[PDB]
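Below sits a lone chain in structure tokens, taken as the form deposited in one PDB entry.
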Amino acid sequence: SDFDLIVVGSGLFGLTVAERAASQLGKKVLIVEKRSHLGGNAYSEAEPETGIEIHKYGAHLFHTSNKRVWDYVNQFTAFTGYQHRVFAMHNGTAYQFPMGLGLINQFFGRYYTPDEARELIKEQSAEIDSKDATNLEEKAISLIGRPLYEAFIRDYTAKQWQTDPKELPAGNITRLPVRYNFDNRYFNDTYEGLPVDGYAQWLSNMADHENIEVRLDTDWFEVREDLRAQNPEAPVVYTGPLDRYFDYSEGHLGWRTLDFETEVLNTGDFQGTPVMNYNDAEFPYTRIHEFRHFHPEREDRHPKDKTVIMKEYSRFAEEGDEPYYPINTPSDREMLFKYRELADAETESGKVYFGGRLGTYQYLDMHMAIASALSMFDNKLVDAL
């Protein structure tokens, strides 16, 4: 008892809202986490044989242009100067990526100036304007033209979504920078880097406040009925799956899940870069991570003749999988609305708020989760405390 707030989930959304209540409002918070560790998908740990820091839940690369979010996270960890770059493997060649003069030179066979390249892509993309694009395929072609779409977007998306590119959200592809220069940074944000002391350390520092206690290995849906009887005093922030909150009363929301197969190899360097995208259908995995390259400043502590790689696979979320991505087909989006009604209803009736990637069925990055958490705290939780 004595708890002012209950947060369901110790992911970044759950941790920010809890940390803000604790240090800004001085309220005692308890976070209920189902897993054996803090941090949700942002969690990382060292690989036993090599000591290399692994994102066991997918490559986690922090980037933001939100100054307020940047200053905030920098309270809990320093960040390296790492800048994410991705190469795209297609028909036996590693391509500069995303769209820029480098990829354009490599794929079309000669150098195009910025002006010449703008003209080239204008021609190949003419079949649809960006204003008229309502899904992933129309939008992609509109931004990068037909041939680049068919060569670098089609098969990849098929593997990542196993879904008709004509019903997936346009916003999925606008995640990637589209450029007419040689800049091949995978993100275009003001601030980015990796936690200097690793993710795990970062996330713990966040939860480290004395008005916060974490109960790991604990399922909310089990302990809720008494715990909030022990404390009808505390509001609840739920960052678990939405459709699961209401026991699939309206059905199952479409989610994608990922699998990670880790391999320790007898070479110091497998692919010479942190992430290689596999854009061809013949390769079952979407990309390969080589984690030693995420921290070149730890070179002296990495083994000289071993490396850990991880092949990443995508499939539909089955019950028992962690959902990683919302699919948000139009068919999905309807079901989503019905749950939103229910959700709205629950927050007033039962003082339960719905946040985070899983809580709102939204394709959120870390900095987006944190911003959305900051918004909920300032706009809602300040009142209800």
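Only the largest set of C-alpha atoms that superpose within 1.5 Å between the two forms is called the rigid core. Numbering starts at 1 and follows the sequence shown.
Higher-B stretch (mean Cα B-factor, as the entry records it), 210 to 218 or 110 to 118: The entry gives the higher C-alpha B-factor average to 210 to 218.
Could you check which stretch, 230 to 238 or 170 to 178, carries the larger mean CA temperature factor in the entry? Taking the mean C-alpha B-factor of 230 to 238 and of 170 to 178, the larger value falls to 230 to 238.
Please pick out which of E312, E263, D132, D183 has the largest Cα B-factor as recorded in the entry. Reading the PDB entry, the winner on C-alpha B-factor is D132.
Between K67, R357, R333, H63, where does the Cα B-factor run highest in the record? In the PDB entry, the greatest C-alpha B-factor among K67, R357, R333, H63 is found at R333.
Using only modelled residues of the chain, where does the Cα B factor of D259 rank: lowest third, middle third or highest third? Ranked within chain, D259 CA B lands in the lowest tercile.
Would you check the entry's CA temperature factor for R224 and let me know if it's in the chain's lowest, middle or highest third? Answer is highest: the recorded C-alpha B-factor places it there.
Based on the entry's values, in what third of the chain does the Cα temperature factor of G51 lie: lowest, middle or highest? It falls in the middle third of the chain.
In terms of the chain's CA B-factor thirds, is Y248 lowest, middle or highest? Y248: CA B-factor falls in the highest third of its chain.
Once the chain's modelled residues are ordered by C-alpha B factor and cut into thirds, is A22 in the lowest, middle or highest one? Answer is highest: the recorded C-alpha B-factor places it there.
Below, we turn to the form deposited in another entry, even though it does not appear here.
Which of these moves by 2 angstroms or more at the C-alpha between the shown form and the other one, core superposed: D208, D197, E263, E119? Only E119 moves by 2 Å or more at its C-alpha.
Tell me whether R179 is among the residues that move between the shown form and the other one (Cα shift of 2 angstroms or more, core superposed). Yes, the C-alpha position differs by at least 2 Å between the shown form and the other one.
For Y245, state whether the C-alpha moves by 2 Å or more between the shown form and the other one after rigid core superposition. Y245 C-alpha, core-superposed: shift of less than 2 Å.
With both forms fitted on the core, check whether the Cα of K139 differs by 2 Å or more between the shown form and the other one. Yes; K139 is a residue whose C-alpha shifts (by 2 Å or more) between the shown form and the other one when the cores are overlaid.
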